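Report on the following structure.
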Amino acid sequence: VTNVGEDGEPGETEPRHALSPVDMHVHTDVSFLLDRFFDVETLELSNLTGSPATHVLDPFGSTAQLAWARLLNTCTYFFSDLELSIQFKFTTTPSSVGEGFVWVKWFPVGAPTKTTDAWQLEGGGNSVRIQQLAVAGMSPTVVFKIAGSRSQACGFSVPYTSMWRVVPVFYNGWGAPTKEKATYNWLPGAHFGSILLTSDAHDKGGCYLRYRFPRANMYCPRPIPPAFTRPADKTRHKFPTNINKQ
Amino acid sequence: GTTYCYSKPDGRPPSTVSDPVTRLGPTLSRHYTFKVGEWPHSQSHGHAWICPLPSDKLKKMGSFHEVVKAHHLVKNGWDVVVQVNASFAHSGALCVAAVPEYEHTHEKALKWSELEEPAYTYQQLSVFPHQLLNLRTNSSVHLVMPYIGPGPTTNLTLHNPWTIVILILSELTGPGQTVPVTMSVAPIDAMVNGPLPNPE
Amino acid sequence: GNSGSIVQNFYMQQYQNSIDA
Amino acid sequence: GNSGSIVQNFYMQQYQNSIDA
Amino acid sequence: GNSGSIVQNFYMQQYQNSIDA
Amino acid sequence: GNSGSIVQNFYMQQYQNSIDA
Amino acid sequence: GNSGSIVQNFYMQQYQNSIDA
Amino acid sequence: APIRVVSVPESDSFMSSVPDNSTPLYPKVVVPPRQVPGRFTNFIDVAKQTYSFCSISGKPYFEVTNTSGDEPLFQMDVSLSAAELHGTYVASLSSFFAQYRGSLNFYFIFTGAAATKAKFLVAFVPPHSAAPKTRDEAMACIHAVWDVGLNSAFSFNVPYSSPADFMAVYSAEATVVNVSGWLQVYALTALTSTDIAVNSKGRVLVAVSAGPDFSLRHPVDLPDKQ
Amino acid sequence: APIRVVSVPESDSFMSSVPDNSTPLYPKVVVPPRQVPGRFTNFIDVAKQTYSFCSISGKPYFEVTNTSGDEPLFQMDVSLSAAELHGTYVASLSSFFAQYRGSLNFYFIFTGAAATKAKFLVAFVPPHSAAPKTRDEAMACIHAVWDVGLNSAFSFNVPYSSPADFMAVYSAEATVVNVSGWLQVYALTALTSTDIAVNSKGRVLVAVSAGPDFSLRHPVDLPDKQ
Amino acid sequence: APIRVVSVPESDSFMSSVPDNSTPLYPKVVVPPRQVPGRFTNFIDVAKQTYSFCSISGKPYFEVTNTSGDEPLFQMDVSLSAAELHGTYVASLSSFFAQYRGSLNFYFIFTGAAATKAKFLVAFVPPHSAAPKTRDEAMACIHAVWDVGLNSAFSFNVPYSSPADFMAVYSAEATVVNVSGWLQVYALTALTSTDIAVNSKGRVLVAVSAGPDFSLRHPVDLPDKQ
Ligand SMILES: CC(=O)N[C@H]1[C@H]([C@H](O)[C@H](O)CO)O[C@@](O[C@H]2[C@@H](O)[C@@H](CO)O[C@@H](O[C@H]3[C@H](O)[C@@H](O)[C@@H](O)O[C@@H]3CO)[C@@H]2O)(C(=O)O)C[C@@H]1O
């Protein structure tokens, strides 16, 4: 009612010569917010021998206060490719590992799994056994050394493997006929596939997972979790910054 | 007024079945009408009636019901219309929404029920395809949702993509009685796969 | 979105990433 | 001002620095 | 089959591999 | 005189050396 | 004879080797 | 013939935001196509084309009773890190950044029964003084009048007023780009009702949409919860 | 003049699937030409244009006797890692991958002597319930009728029915993309013969060709034998 | 396929003036526009289009009294590191470099009251001999005459005279490119005044603008204060 200002008048609000543009919104571009490296996870290695476990690239669980945590929670359905950096930190005296040969293998959404030592390198007694799937072949293997290695890390790009045209970050259903608990918001292969780190370290070190999700596609906006306690009435939420009264 | 859930419904036949496809004439997927519940004077805000479609209440669609019984999968939308009944002396409002893979449900999955959302949610419920039911303005919320989900069609026995929230915003303030909520679901663009055998 | 170099296409559009239909 | 290589544009004019209106 | 870079021809088609008749 | 590569102009004629009038 | 790269001419034909008359 | 190269000083350093991508190790993957509706492109769109519901003492509405006068009814420090925003979309989206910019639209939906009527002065008070405390005090400023019973819902635009080309998504001890003012709804009259024994109060929901000129910048990582 | 370079963090790592090739050390090798027939290009071709022979209790055929009724004669969990596939080409080819996709064609060749005749209901039962156990139970589903003595061989297409854009080449404890259903041949009638003292039973071979829409993806390495 | 590379000997060295830039880690930043007046481009412009005020015994002027004659009134070693320049813009700007080049303009503004008048011989004496000590000594050189009461201000150009294509911004124990000469103002007559009990002296300000042919080169870092 009445609209454009100055007259005390009922529905009549005042004028607003709305703003110009700068930045063209671009930072809030879902594809851009997601194409960078995130420190998601931290895990330890496996000994070259034993009958070890594969690890799963599932950045959909969350709960850890991390920005990329939420954001993936912001949408119902997601699709993007993957990109890694694995860094391996030291947890003892760095002079313990002279070699430090690390085997890594990537497993695509839905690959077979049981592995036991099965490859045997020998030479001058002693002789090493690497893992049955640590080996090089079909799924990409990546071997790197950490011995003065100016950056104890390795890295690469890996495609959207799932058999699902998109991934439901939420699922009002079960992924199995047996409607068991655990099988709730599940639906199998709703992730990026898996990896196996294995080495004569394993002890002496932890890892550093890092994902970069290029080509981000987000479908169906969802409620965006608060992330901070509710401040008191009629007040602000004061925080420490690059600004502030010095 | 008519509000669309993300997009008008497509009668396209499933990108993932070489298997023979029965399309459902309205006259099969007919129309269904039930009472959700009686919004009462006590139920503080944040409450809600979860209506995950269609299950729990699927036993009651007695025709549409029937074909989805003896058939493995289905793809279909939903014309749905929530109808609260109250006089002009009542106050209060709800917000009813269609939610994609809604979940919390304390695994009472696919069973309609009642809950109290966490708040950040009712605050942001509106971020989904929803409509406002304001007791001094209207008495009907009307929505239409399309098939949706990771698969190009699913098993309604394991998954319900669409689920109506009927959220309590401003408490029911006014005459002592309750205000009965109600809802008419009627399947849109229904399509089945693989007939299952005989119940023996 | 965020890929900005020239060498970003050092590898092919086909090899590098994934491809829709 | 002082940027003189050829590879100075290895990265884009958009990515590298800032941009006025 | 699987050779996809640009530098894949850093070396000649003649030097790199073998050649049929 | 003795500058013979291709990359010899990796840097500009302006930046690299000195310039007469 | 056996020089087969592309970068084989990274250096000039004049600088690299020798030249007949 | 080998190229002549110098190893730039940082050479073996990592850096988590490289504008460039890593080497592929699983090529030739063609992906299945997705119809799936509502793919959003940019976060500002849902924030603009979407109303969030405010936060006051825990509820998303404020009350009018058959007794009120000039006591301000709704008040908020215009800052994203303000209280009555805490619950909302816009506010929470902005946590993902450093600087915000523009006007915000407020939607008040009076929800008292039709037998009922009332009026309010929604006003915006510029960040100088020490905050008004009565209608007759705020009135001299930007405000409009809402007679519930003309529109049962009303929109009000909290403008962008600042030497600040951009503003602070993360506010704190009052700085010059920390606050843009104060939103206040006051009660113009009180609750008139057909029968005051049934309808004695009214609940006005208050929602927040993002401003058309609204924008966000400089993505940031999360500090310690607080 | 030296180029300015930064050594990307992985720099001296190996990676076994690089989309690029290694440096040549023996150039100028011209190879002798090969006429040699049947060079295949892609593995799906031989799998499509080629019938493999199934596996039931060790033999590649199932029997009909002069006594059978509704007892299902041939049954298989539609999964590549199913039993009756174990021996075959298609199945074994797929071990080389993670995901399969499409219909499969079955060829039943009745091989009982010409003095003989019989009929079957080949049916496909969708992966829900708990598996049928009599003809009159399966009949309500997708099936056709085979009267040996019209064609002595018949083809039946096990379709692809799943929300799954792709399926599991490596099945296991029942998941939603682990199975696509059940193939079952039943005995419609029994073995009629000129003289039942000579021909009392019949052997129907059962072969499996790959489906026209059949495809495989994501090459994988071999786990521990089992 | 890997490129063949040789690591130039300096490879991992730093060097603080590289003609090239570092790798970006925060792209897509669009900046707000600036109207803001007086953006200068090059430092020689303000130095040319701007007068600085000289330095003599602490003040920016020299005095004439009703008693003076040939005693030189203003004298300065033409060097940037000269005394009477110490306070000024031009001089201080040049500290940022190694070599200067060109003429400098001097502005003398006689500021004695209008009841007053006087005259001076401003002269420039070439860097040979051992410096003149009386007007009649300097007169034989480049100079002009200033009768305050024709112009109350006058400009005088100290030229560039040297085999030196460039000169020394950082002077010292007398070298051939260390000095270009001597500026001297002498008193041609003395202070005539309406009433000598009120106006007995006059103050001529003396300012320094940069010469049109003036230029600077070879940026340098700061040595120990002295
Ligand atoms: C995938 C696989 O087959 N793994 C098996 C490994 C690998 O074949 C082996 O590491 C290849 O390098 O081998 C295993 O069996 C080997 C083991 O029994 C040793 C111990 O004597 O002998 C190996 O064969 C010897 C043979 O005895 C010699 O005559 C000579 O030919 O050398 C070979 C090996 O150099 C067996 O292959 C193993 O021990 O791990 C079994 C793994 O399953």
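Do we have A:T28 as over 16 Å from A:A216 (Cβ atoms), buried (at least 19 other Cβ atoms within 10 Å of the Cβ) and out of contact with any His (no Cβ under 6 Å at 6 or more places or on another chain) here? If you could, list the steps in order and put the result at the bottom.
Working: over 16 Å from A:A216 (Cβ atoms): no; buried (at least 19 other Cβ atoms within 10 Å of the Cβ): yes; out of contact with any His (no Cβ under 6 Å at 6 or more places or on another chain): yes.
It is false that A:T28 is over 16 Å from A:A216 (Cβ atoms), buried (at least 19 other Cβ atoms within 10 Å of the Cβ) and out of contact with any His (no Cβ under 6 Å at 6 or more places or on another chain).
Scan the stretch A:128-148 and report the pairs whose first residue is within 17 Å of A:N47 (Cα to Cα) and whose second residue is within 13 Å of the ligand (Cβ to nearest atom) and among the aromatic types (F, W, Y), with Cβ atoms within less than 6 Å and a gap of 6+ or a chain change.
Note: pairs meeting the criteria are A:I130/A:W119; A:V135/A:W119.
Could you name every one of the strands (runs of 3 or more DSSP E) located completely within the stretch I:138-226 that has at least 2 residues being more than 24 Å from H:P32 (Cβ to Cβ)?
So the answer is I:142-148, I:153-158, I:181-187, I:201-210.
With the requirement that a residue be surrounded by fewer than 15 Cβ atoms within 10 Å (Cβ to Cβ) and within 8 Å of chain A (Cβ to nearest Cβ), what does the stretch H:121-154 give you?
The answer is H:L150, and nothing else.
Report yes if A:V56 is out of contact with any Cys (no Cβ under 7 Å at 6 or more places or on another chain), within 30 Å of I:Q226 (Cα to Cα) and within 14 Å of chain C (Cβ to nearest Cβ), otherwise no.
On the way: out of contact with any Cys (no Cβ under 7 Å at 6 or more places or on another chain): yes; within 30 Å of I:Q226 (Cα to Cα): yes; within 14 Å of chain C (Cβ to nearest Cβ): no.
The answer is no for A:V56.
Restricting attention to the stretch A:1-25, and to residues there that are in a loop (DSSP other than H, G, I, E, B) and aliphatic (A, V, I, L, M), which single residue is nearest to J:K28 (Cα to Cα)? Steps first, answer last, please.
To start, the set of residues in the stretch A:1-25 that are in a loop (DSSP other than H, G, I, E, B) comprises A:1-3, A:5-12, A:14-25.
Within this subset, residues satisfying the condition of being aliphatic (A, V, I, L, M) are A:1, A:18-19, A:22, A:24.
Values: A:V1: 42, A:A18: 24, A:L19: 21, A:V22: 12, A:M24: 10 Å.
Among them, the one singled out is A:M24.
Would you point out the residue of the stretch A:151-166, among those that are facing chain I (nearest Cβ under 8 Å) and outside any strand (DSSP E or B), that is nearest to the ligand (Cβ to nearest atom)?
Looking at residues that are facing chain I (nearest Cβ under 8 Å) and outside any strand (DSSP E or B), I get A:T161.
Condition first: surrounded by fewer than 18 Cβ atoms within 10 Å (Cβ to Cβ), farther than 30 Å from H:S13 by Cβ and within 29 Å of the chain's Cα centre (by Cα). Can you find one or more residues in the stretch J:13-33 that meet it?
no
Run down I:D213, I:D195 and say which single residue is within 14 Å of another protein chain (Cβ to nearest Cβ), more than 16 Å from the ligand (Cβ to nearest atom) and surrounded by fewer than 16 Cβ atoms within 10 Å (Cβ to Cβ).
I:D213
With the structure loaded, tell me whether A:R215 is in contact (Cβ under 8 Å) with a residue 24 or more places away in the chain, buried (at least 21 other Cβ atoms within 10 Å of the Cβ) and among the basic types (K, R) or whether it fails that test. Steps first, please.
Values: in contact (Cβ under 8 Å) with a residue 24 or more places away in the chain: yes; buried (at least 21 other Cβ atoms within 10 Å of the Cβ): no; among the basic types (K, R): yes.
Judged against the criteria, A:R215 is not a match.
Of all residues in the stretch B:1-20, count the ones that are surrounded by 14 or more Cβ atoms within 10 Å (Cβ to Cβ) and without any contact (Cβ under 8 Å) to a residue 12 or more places away in the chain.
Residues that pass the stated criteria total 1.
Show me the strands (runs of 3 or more DSSP E) entirely contained within the stretch A:175-225 in which 3 or more residues are more than 14 Å from chain B (Cβ to nearest Cβ) and not basic (K, R).
A:194-199
Which ones in the stretch H:67-100 are within 14 Å of chain B (Cβ to nearest Cβ), among the small types (G, A, S) and closer than 20 Å to A:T74 by Cβ?
Listed by number, the residues that qualify are H:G87, H:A91, H:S92, H:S94, H:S95.
Go through the stretch B:169-200 and count every residue that is within 30 Å of H:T194 (Cβ to Cβ) and buried (at least 21 other Cβ atoms within 10 Å of the Cβ).
Within the stretch B:169-200, residues that are within 30 Å of H:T194 (Cβ to Cβ) and buried (at least 21 other Cβ atoms within 10 Å of the Cβ) number 8.
Got a number for residues in the stretch A:92-150 being of a type outside the set (S, T, Y) and either at the interface with chain I (Cβ under 9 Å from one of its Cβ atoms) or away from the ligand (no atom under 16 Å from the Cβ) (or both)?
Step one: filter the stretch A:92-150 for residues of a type outside the set (S, T, Y), giving A:94, A:97-112, A:114, A:117-126, A:128-138, A:140, A:142-148, A:150.
Now restrict to residues that are either at the interface with chain I (Cβ under 9 Å from one of its Cβ atoms) or away from the ligand (no atom under 16 Å from the Cβ) (or both): A:94, A:97-102, A:104-112, A:114, A:118, A:132-133, A:135-138, A:140, A:142-148, A:150.
Selection size over the stretch A:92-150: 33.
Residues to consider are A:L72, A:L82; find the one that is touching a residue at least 60 places away in the same chain (Cβ under 8 Å), away from the ligand (no atom under 14 Å from the Cβ) and under 23 Å from I:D12 (Cβ atoms).
None of the others qualify; the one that does is A:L82.
Can you tell me which of (1) among the small types (G, A, S); (2) at the interface with another protein chain (Cβ under 9 Å from one of its Cβ atoms); (3) closer than 24 Å to A:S162 by Cβ; (4) surrounded by fewer than 17 Cβ atoms within 10 Å (Cβ to Cβ) is the one I:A168 doesn't meet?
The number of the failed condition is (4).
Condition check ((1) more than 30 Å from B:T178 (Cβ to Cβ); (2) in a loop (DSSP other than H, G, I, E, B)) across all residues:
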residue: B:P14; (1), (2): yes, yes
residue: B:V36; (1), (2): no, yes
residue: B:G62; (1), (2): no, yes
residue: B:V80; (1), (2): no, no
residue: B:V99; (1), (2): no, no
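Quick check, is A:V169 closer than 30 Å to B:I148 by Cα, away from the ligand (no atom under 16 Å from the Cβ), within 14 Å of chain B (Cβ to nearest Cβ) and in contact (Cβ under 8 Å) with a residue 40 or more places away in the chain?
Judged against the criteria, A:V169 is a match.
With the checklist (1) polar (S, T, N, Q); (2) more than 29 Å from B:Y120 (Cα to Cα); (3) away from chain B (no Cβ under 11 Å); (4) not in a strand (DSSP E or B) in hand, flag the one item A:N242 doesn't pass.
(2)
Name the residues in the stretch I:193-226 that are in contact with a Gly (Cβ under 9 Å, 6 or more places away or on another chain) and polar (S, T, N, Q), would you?
I:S193, I:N199, I:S215
Could you grab the pairs with beta carbons closer than 6 Å, sequence gap of 6+ or different chains, first residue in chain G and touching a residue at least 40 places away in the same chain (Cβ under 8 Å), second one part of a loop (DSSP other than H, G, I, E, B)?
Qualifying pairs under 6 Å: none.
Identify, by number, the condition in (1) within 14 Å of chain A (Cβ to nearest Cβ); (2) over 30 Å from H:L85 (Cα atoms); (3) touching a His at 6+ places or on another chain (Cβ under 7 Å) that B:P54 doesn't meet.
(3)
For the stretch H:53-73, enumerate the residues that are more than 28 Å from H:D221 (Cα to Cα) and in a loop (DSSP other than H, G, I, E, B).
Keep residues of the stretch H:53-73 that are more than 28 Å from H:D221 (Cα to Cα), which gives H:57, H:59-73.
Scanning the stretch H:53-73 gives H:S57, H:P60, H:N66, H:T67, H:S68, H:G69, H:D70, H:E71, H:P72, H:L73.
Among residues belonging to chain E that are outside any loop (DSSP other than H, G, I, E, B) and either under 18 Å from J:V5 (Cα atoms) or touching a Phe, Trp or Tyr at 6+ places or on another chain (Cβ under 9 Å) (or both), point out the one that is farthest from the other protein chains (Cβ to nearest Cβ).
Per the criteria, the residue is E:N9.
Residues in the stretch B:135-146 that are farther than 13 Å from B:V80 by Cβ and buried (at least 22 other Cβ atoms within 10 Å of the Cβ): how many? So that I can check it myself, show each step before the final result.
Taking the stretch B:135-146 and keeping what is farther than 13 Å from B:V80 by Cβ, we get B:135-139.
Narrowing further to those that are buried (at least 22 other Cβ atoms within 10 Å of the Cβ): B:135-136.
Residues in the stretch B:135-146 being farther than 13 Å from B:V80 by Cβ and buried (at least 22 other Cβ atoms within 10 Å of the Cβ): 2 in total.
Scan the stretch I:4-54 residue by residue and report those that are more than 14 Å from chain A (Cβ to nearest Cβ), polar (S, T, N, Q) and in contact with a strand residue (DSSP E or B) (Cβ under 9 Å, 6 or more places away or on another chain).
I:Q49, I:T50, I:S52
Go through the stretch H:20-52 and count every residue that is of a type in the set (G, A, S) and part of a strand (DSSP E or B).
1
Confirm whether B:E103 is outside any loop (DSSP other than H, G, I, E, B), over 20 Å from B:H31 (Cβ atoms) and charged (D, E, K, R).
Working: outside any loop (DSSP other than H, G, I, E, B): no; over 20 Å from B:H31 (Cβ atoms): yes; charged (D, E, K, R): yes.
Here the answer is no, as B:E103 does not meet what is asked.
Here Cβ is always computed from backbone atoms with ideal geometry, including for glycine, and neighbour counts include all displayed protein chains. We did not get these values from a lab; they are worked out from the coordinates using the rules stated.
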